[PDB]
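A.B. asks: File upload-v8.txt follows (compact mmCIF, C-alpha atoms and all ligand atoms):
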# COMPACT_ATOMS: atom_id res chain seq x y z
CA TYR A 1 67.06 31.16 4.20
CA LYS A 2 63.80 32.60 2.82
CA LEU A 3 61.92 31.39 -0.16
CA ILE A 4 59.41 34.03 -1.25
CA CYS A 5 56.85 32.63 -3.69
CA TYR A 6 54.40 34.68 -5.76
CA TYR A 7 50.96 33.42 -6.55
CA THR A 8 49.03 35.25 -9.27
CA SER A 9 45.24 35.69 -9.16
CA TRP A 10 44.67 35.50 -12.85
CA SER A 11 46.07 32.00 -12.94
CA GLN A 12 42.69 30.68 -11.83
CA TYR A 13 41.00 31.43 -15.07
CA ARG A 14 43.39 29.30 -17.17
CA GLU A 15 41.64 26.37 -18.73
CA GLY A 16 42.30 22.67 -18.30
CA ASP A 17 44.91 21.67 -15.82
CA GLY A 18 46.27 25.10 -16.30
CA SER A 19 43.80 26.39 -13.71
CA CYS A 20 45.42 27.07 -10.33
CA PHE A 21 44.14 28.08 -6.92
CA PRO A 22 45.82 28.83 -3.60
CA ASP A 23 44.11 25.63 -2.99
CA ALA A 24 46.98 23.80 -4.78
CA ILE A 25 49.99 25.22 -2.85
CA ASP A 26 52.18 23.01 -0.76
CA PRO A 27 52.11 24.62 2.61
CA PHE A 28 55.58 23.60 3.63
CA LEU A 29 57.24 24.49 0.36
CA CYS A 30 57.88 28.17 0.70
CA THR A 31 58.47 30.31 3.77
CA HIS A 32 56.58 33.34 2.33
CA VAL A 33 53.75 33.28 -0.25
CA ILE A 34 52.55 36.47 -1.91
CA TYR A 35 49.12 36.97 -3.45
CA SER A 36 49.63 38.84 -6.66
CA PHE A 37 48.39 42.36 -7.14
CA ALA A 38 45.83 44.04 -5.11
CA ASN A 39 44.48 47.33 -6.53
CA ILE A 40 44.10 50.86 -5.16
CA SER A 41 40.84 52.92 -5.24
CA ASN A 42 40.10 56.28 -3.68
CA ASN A 43 43.61 56.11 -2.48
CA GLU A 44 42.97 52.94 -0.53
CA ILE A 45 44.28 49.39 -0.89
CA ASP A 46 41.53 47.26 -2.35
CA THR A 47 40.73 43.95 -4.17
CA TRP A 48 41.09 43.20 -7.86
CA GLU A 49 39.29 40.01 -8.90
CA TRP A 50 35.65 39.56 -8.05
CA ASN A 51 36.61 36.70 -5.74
CA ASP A 52 39.77 37.75 -3.95
CA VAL A 53 38.25 37.68 -0.50
CA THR A 54 37.58 33.98 -1.11
CA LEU A 55 40.98 33.22 -2.50
CA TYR A 56 42.56 35.35 0.21
CA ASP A 57 40.78 33.10 2.68
CA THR A 58 41.89 30.01 0.78
CA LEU A 59 45.54 30.98 0.86
CA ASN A 60 45.66 32.01 4.50
CA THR A 61 44.18 28.67 5.53
CA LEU A 62 47.40 27.05 4.47
CA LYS A 63 48.64 28.67 7.56
CA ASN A 64 46.58 26.30 9.55
CA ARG A 65 48.84 23.49 8.43
CA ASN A 66 52.16 25.27 8.60
CA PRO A 67 51.88 27.75 11.41
CA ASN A 68 55.23 29.18 10.37
CA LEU A 69 54.12 30.00 6.84
CA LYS A 70 53.72 33.73 6.34
CA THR A 71 51.71 35.59 3.65
CA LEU A 72 51.75 39.01 2.02
CA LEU A 73 49.62 40.95 -0.46
CA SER A 74 51.45 42.62 -3.30
CA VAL A 75 50.43 46.07 -4.57
CA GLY A 76 50.76 47.17 -8.14
CA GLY A 77 51.86 44.75 -10.79
CA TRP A 78 52.41 45.09 -14.52
CA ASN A 79 48.76 45.75 -15.42
CA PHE A 80 48.82 48.68 -13.02
CA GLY A 81 49.95 52.04 -14.42
CA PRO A 82 53.03 53.46 -12.66
CA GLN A 83 51.49 56.81 -13.27
CA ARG A 84 48.91 55.64 -10.74
CA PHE A 85 51.55 54.81 -8.20
CA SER A 86 53.26 58.03 -8.95
CA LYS A 87 50.23 60.28 -8.46
CA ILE A 88 49.45 58.58 -5.14
CA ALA A 89 52.97 58.89 -3.82
CA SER A 90 53.54 62.56 -4.89
CA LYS A 91 50.79 64.06 -2.79
CA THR A 92 51.32 63.73 1.01
CA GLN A 93 47.53 63.58 1.33
CA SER A 94 47.05 60.68 -1.16
CA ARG A 95 49.99 58.80 0.29
CA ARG A 96 49.05 59.16 3.96
CA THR A 97 45.47 58.13 3.00
CA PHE A 98 46.62 55.04 1.13
CA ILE A 99 48.92 54.15 3.94
CA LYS A 100 46.50 54.49 6.80
CA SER A 101 44.22 52.17 4.87
CA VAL A 102 46.59 49.23 4.69
CA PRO A 103 47.03 47.66 8.15
CA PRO A 104 43.29 47.19 8.69
CA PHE A 105 42.87 45.67 5.21
CA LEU A 106 45.56 43.13 5.94
CA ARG A 107 44.54 42.39 9.55
CA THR A 108 41.06 41.75 8.20
CA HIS A 109 42.13 39.29 5.52
CA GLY A 110 44.82 37.49 7.46
CA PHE A 111 47.95 38.86 5.82
CA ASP A 112 51.26 39.33 7.61
CA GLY A 113 52.64 41.97 5.29
CA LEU A 114 52.39 44.15 2.25
CA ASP A 115 54.56 43.95 -0.87
CA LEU A 116 55.12 47.05 -3.00
CA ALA A 117 55.38 46.10 -6.63
CA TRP A 118 55.47 49.69 -8.03
CA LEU A 119 56.65 48.48 -11.41
CA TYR A 120 59.42 50.84 -12.22
CA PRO A 121 59.48 54.27 -10.71
CA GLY A 122 61.15 57.02 -12.64
CA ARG A 123 63.70 59.69 -12.15
CA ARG A 124 60.94 61.98 -10.86
CA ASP A 125 59.83 59.33 -8.32
CA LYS A 126 62.86 58.43 -6.27
CA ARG A 127 62.17 61.12 -3.68
CA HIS A 128 58.62 59.89 -3.11
CA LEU A 129 59.32 56.21 -3.29
CA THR A 130 61.60 56.84 -0.36
CA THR A 131 58.79 58.50 1.41
CA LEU A 132 56.10 55.94 0.84
CA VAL A 133 58.39 53.28 2.23
CA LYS A 134 59.38 55.42 5.18
CA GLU A 135 55.87 56.38 6.30
CA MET A 136 54.41 53.06 5.34
CA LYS A 137 56.87 51.45 7.70
CA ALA A 138 56.37 54.06 10.34
CA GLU A 139 52.70 53.13 10.28
CA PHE A 140 53.42 49.45 10.52
CA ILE A 141 55.47 50.17 13.60
CA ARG A 142 52.93 52.42 15.21
CA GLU A 143 50.38 49.67 14.87
CA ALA A 144 52.33 46.85 16.56
CA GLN A 145 51.60 48.97 19.60
CA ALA A 146 48.14 47.37 19.29
CA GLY A 147 49.68 44.25 20.67
CA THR A 148 49.86 42.21 17.53
CA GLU A 149 52.79 40.91 15.58
CA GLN A 150 54.27 43.74 13.45
CA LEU A 151 53.43 43.69 9.75
CA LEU A 152 56.06 43.01 7.12
CA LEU A 153 57.02 45.45 4.34
CA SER A 154 58.81 44.40 1.17
CA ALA A 155 59.54 45.66 -2.27
CA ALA A 156 60.09 44.09 -5.68
CA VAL A 157 62.90 46.06 -7.33
CA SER A 158 64.28 45.98 -10.83
CA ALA A 159 67.70 44.61 -11.61
CA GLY A 160 68.58 46.96 -14.41
CA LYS A 161 71.60 49.15 -13.71
CA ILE A 162 69.87 52.05 -15.43
CA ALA A 163 66.48 51.39 -13.90
CA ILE A 164 67.96 51.38 -10.44
CA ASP A 165 70.04 54.54 -10.67
CA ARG A 166 67.04 56.22 -12.23
CA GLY A 167 64.38 55.66 -9.53
CA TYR A 168 65.75 53.95 -6.43
CA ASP A 169 67.51 55.31 -3.39
CA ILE A 170 68.55 51.80 -2.40
CA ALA A 171 70.66 53.00 0.51
CA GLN A 172 67.55 54.45 2.10
CA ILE A 173 64.77 52.03 1.42
CA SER A 174 67.08 49.30 2.43
CA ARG A 175 66.77 50.20 6.05
CA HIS A 176 62.95 50.23 6.02
CA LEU A 177 61.95 47.23 3.93
CA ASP A 178 62.09 43.81 5.60
CA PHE A 179 63.47 42.31 2.46
CA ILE A 180 64.06 43.18 -1.24
CA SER A 181 63.25 40.98 -4.22
CA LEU A 182 65.43 41.56 -7.23
CA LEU A 183 63.69 40.88 -10.47
CA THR A 184 66.68 39.16 -11.99
CA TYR A 185 64.84 37.76 -15.01
CA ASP A 186 63.91 40.54 -17.33
CA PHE A 187 67.20 41.24 -19.02
CA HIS A 188 65.56 40.81 -22.46
CA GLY A 189 62.10 40.27 -24.19
CA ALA A 190 61.41 40.66 -28.07
CA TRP A 191 61.98 44.50 -28.27
CA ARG A 192 65.45 43.46 -29.19
CA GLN A 193 65.27 42.33 -32.71
CA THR A 194 67.54 39.43 -31.65
CA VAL A 195 67.44 36.27 -29.52
CA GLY A 196 68.97 36.26 -26.09
CA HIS A 197 68.37 34.85 -22.62
CA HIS A 198 66.43 36.95 -20.11
CA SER A 199 67.64 35.38 -16.87
CA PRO A 200 71.28 34.57 -17.14
CA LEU A 201 73.50 34.18 -14.16
CA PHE A 202 76.80 35.45 -15.55
CA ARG A 203 77.81 38.05 -18.07
CA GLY A 204 79.47 35.29 -20.01
CA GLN A 205 82.75 36.58 -21.43
CA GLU A 206 81.33 36.59 -25.06
CA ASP A 207 78.78 39.63 -25.23
CA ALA A 208 78.73 42.83 -23.31
CA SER A 209 76.61 45.77 -24.48
CA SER A 210 74.76 44.38 -21.53
CA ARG A 212 77.56 43.69 -19.02
CA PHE A 213 75.12 44.90 -16.45
CA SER A 214 72.55 42.38 -17.73
CA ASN A 215 72.87 39.31 -15.52
CA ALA A 216 72.00 38.26 -12.02
CA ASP A 217 75.69 38.59 -10.95
CA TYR A 218 76.19 42.20 -11.83
CA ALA A 219 72.74 42.95 -10.38
CA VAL A 220 73.75 41.64 -7.00
CA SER A 221 77.29 42.92 -6.87
CA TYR A 222 75.68 46.24 -7.66
CA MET A 223 72.88 46.42 -5.13
CA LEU A 224 75.48 45.50 -2.58
CA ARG A 225 77.65 48.41 -3.52
CA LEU A 226 74.81 50.88 -3.51
CA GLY A 227 74.26 49.92 0.11
CA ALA A 228 71.70 47.09 0.43
CA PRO A 229 72.75 44.57 3.04
CA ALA A 230 72.86 40.96 1.98
CA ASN A 231 70.60 39.86 4.78
CA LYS A 232 67.65 41.67 3.04
CA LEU A 233 68.30 40.81 -0.58
CA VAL A 234 66.41 38.05 -2.27
CA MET A 235 67.29 36.89 -5.75
CA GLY A 236 64.51 36.32 -8.16
CA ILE A 237 64.22 33.07 -10.01
CA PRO A 238 61.97 32.61 -13.02
CA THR A 239 59.69 29.69 -13.48
CA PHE A 240 58.60 30.70 -16.94
CA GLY A 241 60.53 31.18 -20.14
CA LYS A 242 60.62 33.68 -22.92
CA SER A 243 59.85 32.64 -26.49
CA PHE A 244 60.64 34.13 -29.90
CA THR A 245 59.61 33.37 -33.42
CA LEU A 246 62.81 32.92 -35.41
CA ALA A 247 63.19 35.20 -38.47
CA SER A 248 65.68 32.83 -40.04
CA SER A 249 67.24 29.36 -39.71
CA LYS A 250 69.77 30.85 -37.33
CA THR A 251 69.53 29.34 -33.86
CA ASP A 252 72.97 30.24 -32.55
CA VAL A 253 73.71 33.28 -30.42
CA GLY A 254 72.55 36.56 -32.07
CA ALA A 255 70.03 34.94 -34.46
CA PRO A 256 67.52 37.42 -35.85
CA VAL A 257 64.06 37.48 -34.33
CA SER A 258 60.88 38.43 -36.13
CA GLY A 259 58.68 38.70 -33.07
CA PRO A 260 57.66 36.86 -29.93
CA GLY A 261 56.81 33.24 -29.63
CA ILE A 262 53.42 31.73 -30.18
CA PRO A 263 51.23 31.36 -27.12
CA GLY A 264 51.08 28.38 -24.83
CA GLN A 265 48.09 26.00 -24.94
CA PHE A 266 47.34 27.14 -21.44
CA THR A 267 48.95 30.48 -20.69
CA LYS A 268 47.77 31.86 -23.97
CA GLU A 269 50.15 34.77 -24.32
CA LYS A 270 52.82 35.54 -26.86
CA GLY A 271 56.32 35.85 -25.46
CA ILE A 272 55.89 33.60 -22.45
CA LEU A 273 55.59 29.92 -21.59
CA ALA A 274 54.94 28.31 -18.24
CA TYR A 275 57.55 25.71 -17.19
CA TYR A 276 54.99 22.89 -17.43
CA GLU A 277 54.25 24.07 -21.01
CA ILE A 278 57.94 24.09 -21.82
CA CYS A 279 58.08 20.56 -20.54
CA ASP A 280 55.68 19.67 -23.29
CA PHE A 281 57.56 21.83 -25.80
CA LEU A 282 60.82 20.12 -25.05
CA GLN A 283 59.89 16.85 -26.72
CA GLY A 284 61.14 17.00 -30.28
CA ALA A 285 63.11 20.12 -29.39
CA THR A 286 66.86 20.55 -29.52
CA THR A 287 68.26 21.49 -26.15
CA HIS A 288 71.26 23.73 -25.86
CA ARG A 289 72.92 25.57 -22.96
CA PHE A 290 74.85 28.86 -22.71
CA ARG A 291 77.69 27.33 -20.79
CA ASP A 292 79.17 30.76 -20.27
CA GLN A 293 76.01 32.08 -18.50
CA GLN A 294 74.75 28.81 -17.01
CA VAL A 295 71.28 28.72 -18.55
CA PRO A 296 69.55 26.59 -21.21
CA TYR A 297 67.49 27.32 -24.32
CA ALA A 298 65.51 25.02 -26.60
CA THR A 299 64.61 25.20 -30.28
CA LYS A 300 61.79 23.65 -32.36
CA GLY A 301 60.72 24.61 -35.89
CA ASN A 302 60.92 28.40 -35.84
CA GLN A 303 60.45 28.68 -32.10
CA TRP A 304 63.37 29.60 -29.80
CA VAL A 305 62.77 29.36 -26.09
CA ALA A 306 64.99 30.67 -23.33
CA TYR A 307 64.24 29.05 -19.92
CA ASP A 308 65.38 27.69 -16.57
CA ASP A 309 65.60 24.07 -15.70
CA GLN A 310 66.34 22.39 -12.39
CA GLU A 311 69.99 22.64 -13.13
CA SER A 312 70.26 26.31 -13.89
CA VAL A 313 67.92 26.92 -11.01
CA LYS A 314 69.87 24.92 -8.42
CA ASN A 315 72.78 26.76 -9.84
CA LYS A 316 71.50 30.20 -9.06
CA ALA A 317 70.41 28.82 -5.71
CA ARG A 318 73.96 28.03 -4.80
CA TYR A 319 74.95 31.49 -5.99
CA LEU A 320 72.80 33.46 -3.56
CA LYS A 321 74.26 31.22 -0.96
CA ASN A 322 77.86 31.88 -1.67
CA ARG A 323 77.09 35.58 -1.61
CA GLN A 324 75.25 35.19 1.66
CA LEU A 325 71.95 36.67 0.61
CA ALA A 326 68.76 36.47 2.53
CA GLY A 327 67.25 33.97 0.11
CA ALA A 328 65.41 33.22 -3.10
CA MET A 329 62.35 34.53 -4.84
CA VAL A 330 60.37 32.56 -7.35
CA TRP A 331 58.06 34.29 -9.76
CA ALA A 332 54.89 32.27 -10.28
CA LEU A 333 54.11 29.25 -8.27
CA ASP A 334 51.40 28.81 -10.81
CA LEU A 335 53.83 28.78 -13.70
CA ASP A 336 55.78 25.85 -12.24
CA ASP A 337 54.51 22.26 -12.63
CA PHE A 338 52.16 22.55 -9.66
CA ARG A 339 50.32 19.41 -10.69
CA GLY A 340 53.59 17.58 -11.24
CA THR A 341 52.03 15.75 -14.21
CA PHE A 342 53.61 17.57 -17.19
CA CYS A 343 57.28 17.18 -16.53
CA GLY A 344 58.35 13.54 -16.61
CA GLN A 345 59.35 12.81 -13.03
CA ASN A 346 56.40 12.48 -10.76
CA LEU A 347 57.24 15.47 -8.62
CA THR A 348 55.10 18.46 -7.84
CA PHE A 349 56.59 22.00 -8.05
CA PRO A 350 59.83 20.61 -9.47
CA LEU A 351 61.62 23.93 -10.05
CA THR A 352 60.62 25.58 -6.82
CA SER A 353 61.61 22.40 -5.12
CA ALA A 354 65.06 22.42 -6.72
CA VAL A 355 65.70 25.74 -5.11
CA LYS A 356 64.35 24.62 -1.75
CA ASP A 357 66.70 21.64 -1.64
CA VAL A 358 69.73 23.78 -2.31
CA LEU A 359 68.73 26.34 0.26
CA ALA A 360 67.88 23.51 2.60
CA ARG A 361 71.54 22.62 2.68
CA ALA A 362 74.37 24.76 4.00
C1 LIG A 401 41.13 49.42 -9.72
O1 LIG A 401 40.53 50.56 -9.17
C2 LIG A 401 40.49 51.59 -10.11
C3 LIG A 401 40.09 52.88 -9.43
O2 LIG A 401 38.89 52.69 -8.73
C4 LIG A 401 39.50 51.22 -11.19
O3 LIG A 401 39.66 52.14 -12.22
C5 LIG A 401 38.43 52.82 -12.46
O4 LIG A 401 37.65 52.30 -13.49
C6 LIG A 401 36.34 52.69 -13.11
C7 LIG A 401 35.30 51.65 -13.47
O5 LIG A 401 35.89 50.75 -14.38
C8 LIG A 401 36.31 53.86 -14.05
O6 LIG A 401 35.06 54.46 -14.19
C9 LIG A 401 37.34 54.83 -13.52
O7 LIG A 401 37.60 55.76 -14.53
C10 LIG A 401 38.65 54.12 -13.23
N1 LIG A 401 39.59 55.02 -12.58
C11 LIG A 401 40.89 54.84 -12.83
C12 LIG A 401 41.90 55.59 -11.99
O8 LIG A 401 41.26 54.06 -13.71
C13 LIG A 401 39.84 49.87 -11.80
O9 LIG A 401 38.81 49.46 -12.67
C14 LIG A 401 40.09 48.86 -10.69
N2 LIG A 401 40.57 47.66 -11.28
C15 LIG A 401 40.13 46.47 -10.90
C16 LIG A 401 40.73 45.27 -11.58
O10 LIG A 401 39.28 46.31 -10.03
Show me, as structure tokens, the structure contained in the file I just sent.

C.D. replies:
Amino acid sequence: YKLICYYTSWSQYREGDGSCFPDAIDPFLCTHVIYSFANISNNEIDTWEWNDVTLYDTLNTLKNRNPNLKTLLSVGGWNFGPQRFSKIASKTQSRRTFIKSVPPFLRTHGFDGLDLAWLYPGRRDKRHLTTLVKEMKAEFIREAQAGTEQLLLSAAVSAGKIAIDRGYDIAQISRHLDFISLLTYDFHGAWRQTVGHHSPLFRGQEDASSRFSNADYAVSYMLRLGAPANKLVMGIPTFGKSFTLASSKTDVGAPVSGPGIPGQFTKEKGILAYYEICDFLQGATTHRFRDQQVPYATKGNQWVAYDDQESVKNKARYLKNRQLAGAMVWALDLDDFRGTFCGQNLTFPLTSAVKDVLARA
């Protein structure tokens, strides 16, 4: 059982305790850590922050304590135009150039693999996505000839029925990637003038206009399209989505007037880090969609949908009963990495909850 954990660069700039560096990652916690979003320039992989080579270095030193730990660099991200990916993948010259530039970048900075986070390819991109992965992997194989451990290749895919069918030839890329991370946590977000939970586990017999909007359907589905379970990794959130209530309605379907107010540390409407939620929770009313197995809090005119140790251990058992390759946790830096915000004196509480479940049978 794999536990792939993302670490975002931009989490270093956060003020107060919010600040986080590779520096603060428990080396034995995850099996795979991923540095979040490298860039591409002149059709070549490349850095993003002014200090990535230092942080890269910082992260890969963890491997000196846990020789089994593995690391990867992710490409793309949300602040990276898909157009950009698209343009690079459509021209066999741009693509082959980008590709041939990856292995040496990684070898240089100590990485064991590359992670493609092309955030949402379109109908006109399937054909090339399949290529990129193919050739990319063909390169990675041609280079192990150099007498060094073959590089890993993974992709972060969406979990939206329509998004998938639109730009993913799962059947194909499934035999080239080393593993696939399903983004099972973006089944909502304010552009729905109503409240709702973004990372539910089950459809929950009560509302289906979004039957295909839950981890369960997402997995059943990928499996049918052809992706073997031993390469599928379920994504688990470590943040929560927030909305500003438009009325005194808290119950299912309440009207929303816009996203939630920013967190004292993550400063960003719509989102809250777990350790911020921990602070939010005091004086909040906690409820739980029993049907879907996930909680949600409420305070004043703030409605927050999030995952707690329970819901998280819950999903963890799920991937297990479906015999998947493992779990994926978005944002090590959004969890309580200091272990000083959420009651219990435990560091990385959520990520740990998953690890303990997977650690069993
Ligand atoms: C990622 O690399 C791209 C491409 O080199 C950078 O985008 C360039 O921005 C430069 C300088 O800011 C502009 O003059 C070019 O017009 C941009 N080209 C494109 C395709 O946008 C981008 O700034 C880099 N991003 C980071 C974070 O380093």

A.B. asks: Can you pull out the residues contacting residue 162 of chain A? Cut-off 12 Å, using all atoms listed in the file, and skip same-chain residues under 2 positions away; I want them as number ranges by chain.

C.D. replies: A: 120-123, 158-160, 164-168, 187, 210, 212-214, 219, 222

A.B. asks: Residues within 8 Å of ligand LIG 401 (chain A) should be enumerated using only C-alpha atoms and all ligand atoms and returned as a PyMOL selection string.

C.D. replies: chain A and resi 39-42+46-50+84

A.B. asks: Each residue of segment 182-274 of chain A lying at most 7 Å from segment 307-315 of chain A should get a row with its shortest atom-to-atom pair and the distance in Å to one decimal, counting all atoms listed in the file; could you produce that, ordered by chain and increasing number, as CSV?

C.D. replies:
residue,atom,partner,partner_atom,distance
A:238,CA,A:308,CA,7.0
A:239,CA,A:308,CA,6.8
A:240,CA,A:307,CA,6.6
A:241,CA,A:307,CA,4.3
A:242,CA,A:307,CA,6.6

A.B. asks: For a cutoff of 10 Å around the file-coordinate point (58.4, 54.7, 4.1), which residues qualify once you count all atoms listed in the file? I'd like the result as an mmCIF file with C-alpha atoms, keeping the file's coordinate frame.

C.D. replies:
data_model
loop_
_atom_site.group_PDB
_atom_site.id
_atom_site.type_symbol
_atom_site.label_atom_id
_atom_site.label_comp_id
_atom_site.auth_asym_id
_atom_site.auth_seq_id
_atom_site.Cartn_x
_atom_site.Cartn_y
_atom_site.Cartn_z
ATOM 1 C CA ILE A 99 48.920 54.150 3.940
ATOM 2 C CA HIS A 128 58.620 59.890 -3.110
ATOM 3 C CA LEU A 129 59.320 56.210 -3.290
ATOM 4 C CA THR A 130 61.600 56.840 -0.360
ATOM 5 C CA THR A 131 58.790 58.500 1.410
ATOM 6 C CA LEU A 132 56.100 55.940 0.840
ATOM 7 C CA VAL A 133 58.390 53.280 2.230
ATOM 8 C CA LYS A 134 59.380 55.420 5.180
ATOM 9 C CA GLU A 135 55.870 56.380 6.300
ATOM 10 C CA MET A 136 54.410 53.060 5.340
ATOM 11 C CA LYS A 137 56.870 51.450 7.700
ATOM 12 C CA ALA A 138 56.370 54.060 10.340
ATOM 13 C CA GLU A 139 52.700 53.130 10.280
ATOM 14 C CA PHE A 140 53.420 49.450 10.520
ATOM 15 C CA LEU A 153 57.020 45.450 4.340
ATOM 16 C CA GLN A 172 67.550 54.450 2.100
ATOM 17 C CA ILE A 173 64.770 52.030 1.420
ATOM 18 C CA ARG A 175 66.770 50.200 6.050
ATOM 19 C CA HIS A 176 62.950 50.230 6.020
ATOM 20 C CA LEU A 177 61.950 47.230 3.930
#

A.B. asks: Could you give me, as a list in words, the residues within 12 Å of residue 150 of chain A, counting all atoms listed in the file and dropping anything in the same chain fewer than 6 positions from it?

C.D. replies: residues 103, 106, 107, 111, 112, 113, 114, 137, 138, 139, 140, 141, 142, 143, 144 and 178 of chain A

A.B. asks: For each of A:339, A:32, A:126, A:203, take the minimum atom-to-atom distance to residue 276 of chain A, counting all atoms listed in the file, then give the residue where this is smallest.

C.D. replies: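 For residue 276 of chain A, the nearest of the given residues is A:339.
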
A.B. asks: Using all atoms listed in the file, which of A:253, A:235, A:25, A:317 sits nearest residue 288 of chain A?

C.D. replies: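 Smallest separation from residue 288 of chain A among the options: A:253.
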
A.B. asks: What does the distance from atom CA of residue 199 of chain A to atom CA of residue 297 of chain A come to in Å, to one decimal?

C.D. replies: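 If I compute the distance from atom CA of residue 199 of chain A to atom CA of residue 297 of chain A, I get 11.0 Å.
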
A.B. asks: For residue 183 of chain A, which of A:331, A:304, A:21, A:6 is the closest residue, counting all atoms listed in the file?

C.D. replies: A:331

A.B. asks: Record the distance separating atom CA of residue 33 of chain A and atom CA of residue 154 of chain A, expressed in Å with one decimal.

C.D. replies: 12.3 Å

A.B. asks: Just want the 7 Å neighbourhood of residue 22 of chain A, counted on only C-alpha atoms, with same-chain residues fewer than 4 positions away dropped. Output as a count of residues only.

C.D. replies: 3

A.B. asks: Regenerate segment 341-356 of chain A at the level of N, CA and C atoms and dump it as a PDB file, in the frame of the given file.

C.D. replies:
ATOM      1  N   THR A 341      52.446  16.735 -13.221  1.00  0.00           N
ATOM      2  CA  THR A 341      52.030  15.750 -14.210  1.00  0.00           C
ATOM      3  C   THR A 341      52.475  16.078 -15.638  1.00  0.00           C
ATOM      4  N   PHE A 342      53.101  17.242 -15.853  1.00  0.00           N
ATOM      5  CA  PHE A 342      53.610  17.570 -17.190  1.00  0.00           C
ATOM      6  C   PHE A 342      55.076  17.196 -17.377  1.00  0.00           C
ATOM      7  N   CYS A 343      55.883  17.454 -16.387  1.00  0.00           N
ATOM      8  CA  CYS A 343      57.280  17.180 -16.530  1.00  0.00           C
ATOM      9  C   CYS A 343      57.673  15.803 -16.041  1.00  0.00           C
ATOM     10  N   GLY A 344      57.957  14.901 -16.967  1.00  0.00           N
ATOM     11  CA  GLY A 344      58.350  13.540 -16.610  1.00  0.00           C
ATOM     12  C   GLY A 344      58.184  13.205 -15.123  1.00  0.00           C
ATOM     13  N   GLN A 345      59.316  13.124 -14.444  1.00  0.00           N
ATOM     14  CA  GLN A 345      59.350  12.810 -13.030  1.00  0.00           C
ATOM     15  C   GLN A 345      58.077  13.133 -12.317  1.00  0.00           C
ATOM     16  N   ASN A 346      57.643  12.234 -11.454  1.00  0.00           N
ATOM     17  CA  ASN A 346      56.400  12.480 -10.760  1.00  0.00           C
ATOM     18  C   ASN A 346      56.737  13.279  -9.496  1.00  0.00           C
ATOM     19  N   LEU A 347      56.897  14.574  -9.699  1.00  0.00           N
ATOM     20  CA  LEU A 347      57.240  15.470  -8.620  1.00  0.00           C
ATOM     21  C   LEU A 347      56.408  16.708  -8.831  1.00  0.00           C
ATOM     22  N   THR A 348      55.880  17.264  -7.761  1.00  0.00           N
ATOM     23  CA  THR A 348      55.100  18.460  -7.840  1.00  0.00           C
ATOM     24  C   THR A 348      55.926  19.722  -7.552  1.00  0.00           C
ATOM     25  N   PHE A 349      55.743  20.795  -8.282  1.00  0.00           N
ATOM     26  CA  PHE A 349      56.590  22.000  -8.050  1.00  0.00           C
ATOM     27  C   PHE A 349      58.099  21.659  -8.186  1.00  0.00           C
ATOM     28  N   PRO A 350      58.461  21.038  -9.269  1.00  0.00           N
ATOM     29  CA  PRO A 350      59.830  20.610  -9.470  1.00  0.00           C
ATOM     30  C   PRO A 350      60.853  21.750  -9.348  1.00  0.00           C
ATOM     31  N   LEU A 351      60.670  22.815 -10.095  1.00  0.00           N
ATOM     32  CA  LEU A 351      61.620  23.930 -10.050  1.00  0.00           C
ATOM     33  C   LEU A 351      61.706  24.532  -8.657  1.00  0.00           C
ATOM     34  N   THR A 352      60.582  24.923  -8.100  1.00  0.00           N
ATOM     35  CA  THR A 352      60.620  25.580  -6.820  1.00  0.00           C
ATOM     36  C   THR A 352      61.246  24.644  -5.868  1.00  0.00           C
ATOM     37  N   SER A 353      61.027  23.359  -6.058  1.00  0.00           N
ATOM     38  CA  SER A 353      61.610  22.400  -5.120  1.00  0.00           C
ATOM     39  C   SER A 353      63.126  22.378  -5.238  1.00  0.00           C
ATOM     40  N   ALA A 354      63.617  22.444  -6.468  1.00  0.00           N
ATOM     41  CA  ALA A 354      65.060  22.420  -6.720  1.00  0.00           C
ATOM     42  C   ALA A 354      65.759  23.502  -5.909  1.00  0.00           C
ATOM     43  N   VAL A 355      65.147  24.668  -5.887  1.00  0.00           N
ATOM     44  CA  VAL A 355      65.700  25.740  -5.110  1.00  0.00           C
ATOM     45  C   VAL A 355      65.633  25.364  -3.611  1.00  0.00           C
ATOM     46  N   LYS A 356      64.495  24.893  -3.170  1.00  0.00           N
ATOM     47  CA  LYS A 356      64.350  24.620  -1.750  1.00  0.00           C
ATOM     48  C   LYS A 356      65.403  23.642  -1.280  1.00  0.00           C
TER      49      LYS A 356
END
